[PDB]
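Survey of secondary and tertiary structure
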Amino acid sequence: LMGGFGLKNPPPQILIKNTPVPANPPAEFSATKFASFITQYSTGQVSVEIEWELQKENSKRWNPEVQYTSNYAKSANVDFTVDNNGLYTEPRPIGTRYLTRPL
Amino acid sequence: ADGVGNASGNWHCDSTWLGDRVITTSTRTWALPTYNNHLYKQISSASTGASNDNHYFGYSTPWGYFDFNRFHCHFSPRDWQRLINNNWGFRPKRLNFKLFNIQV
């Protein structure tokens, strides 16, 4: 209901964890669980590649369609860009429904 | 060659987009009068009171001619939209012309 593709078998959850690295243990054995660890974290790169199939528009409509367009007029910023502080923003929601089809 | 009762061509107005090619086809119905009562005529700016810049000399002909040289003769407005929103350029490649279903 929030929109998109209902899947019986969706893309799987991908789970990641830093492996615990104990700190120095005591010199005599204790059966108590280790509470003492070397503080650490991890970083890397992730890539996602998705192939999408397209359904082409077959229309015989004579007159021009409504299209999504950026405003041609001047402004202080460009839509869907960073500002002078480096903050990327999205000016508005963009749906998918522009082209038309007979009912 | 066809008889009196057979059509010599079919109506084709279409636009086909394939790869880097688009093929436009347009069919129109035309009417041709007799011009100049079948005569060639010398025509001129003489006795028109024309300025020097507007003078001319030439001939009018009994003939008519076909002119398809404009873009809306070929692209529909929607087709023109598809062209200009999606493409950095375009050029004409080849041409096919047909006259048919003549009635005098």
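Residues numbered from 1 in each chain as written, not as in the entry; some residues may be left out. Chains lettered and ligands numbered in written order. Part of a larger assembly, values for the part shown. Heavy atoms only, no water.

As named in the PDB entry, chain B is Capsid protein, taken from Adeno-associated virus - 1. The deposited PDB record carries the title "AAV1 VP3 Only Capsid".

In the nomenclature of the PDB entry, chain A corresponds to Capsid protein from the organism Adeno-associated virus - 1.

What follows covers the overall build of chain A. Along the backbone of chain A there are zero helices and zero strands. Relative to the 2.2 N^0.38 estimate, which gives 13 Å for 103 residues, the radius of gyration of chain A is 26 Å and therefore markedly larger than a compact globule would have. Dimensions of chain A, computed from C-alpha atoms along their principal axes, come out at roughly 85 × 45 × 25 Å. A separation threshold of at least 6 residues defines the contact pool for chain A, and within that pool the share at least 24 residues apart is 35%. Within chain A, the 9 negative side-chain charges are centred at a point lying 9 Å from the centre of the 10 positive side-chain charges. (Helix = DSSP H or I, 4+ residues; strand = E, 2+ residues; numbered from the N terminus. Rg over C-alpha atoms; globule rule 2.2 N^0.38 Å. Contact = heavy atoms within 4.5 Å. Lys, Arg positive; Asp, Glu negative; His and termini not counted. Charge placed at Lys NZ, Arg CZ, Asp CG, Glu CD.)

With that settled, consider the interface of chain B and chain A. Facing eight residues of chain B, the contacting portion of chain A comprises ten residues. Taken together, the two surfaces of chain B and chain A that pack against each other cover about 700 Å², and 44% of this comes from carbon and sulfur. Among the residues chain B hides against chain A, the three largest losses belong to B:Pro77, B:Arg78 and B:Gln81. Together they make up 63% of the total. Taken together, the links from chain B to chain A amount to four salt bridges. When the shortest N-O distance is used, the salt bridge between B:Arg78 and A:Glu65 registers 3.9 Å. (Buried area = accessible area lost by both parts, 1.4 Å probe. Salt bridge = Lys/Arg side-chain N within 4 Å of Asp/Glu carboxyl O.)

All names here are of chain B. Considering all chains together, one arrives at nine aromatic pairs over all chains under this definition. Plain terms: the ring middles of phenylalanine 71 and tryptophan 80 are 5.3 Å apart, the flat faces sit at 50° to each other, and that makes the pair tilted. Residue classification places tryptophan 80 among the partly exposed positions, given a relative accessible area of 30%. Ring geometry for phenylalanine 75 against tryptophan 80: centres 5.7 Å apart, planes inclined by 70°, an arrangement best described as edge-to-face. Owing to a relative accessible area of 13%, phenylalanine 75 belongs among the buried residues under this scheme. Taken together, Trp30, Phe66, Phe68 and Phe97 form an aromatic cluster joined through their ring pairs. (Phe/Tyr/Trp six-rings, centres within 6.5 Å; stacked < 30°, edge-to-face > 60°. Buried < 20%, exposed > 50% of the residue type's maximum accessible area, 1.4 Å probe, protein only.)

Now for the pairing of strand β4 (residues 57–60) of chain B. Residue and element names in this part refer to chain B. Burial of β4 is one-sided: the residues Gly58 and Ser60 facing one way are buried, the residues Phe57 and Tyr59 facing the other way are not. Where strand β3 (residues 41–44) meets β4, four bridges bridge the pair, whose relative direction is antiparallel. Each bridged residue has a counterpart across the sheet, and for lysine 41 the counterpart in β4 is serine 60. (Pairing = 2+ DSSP bridges.)

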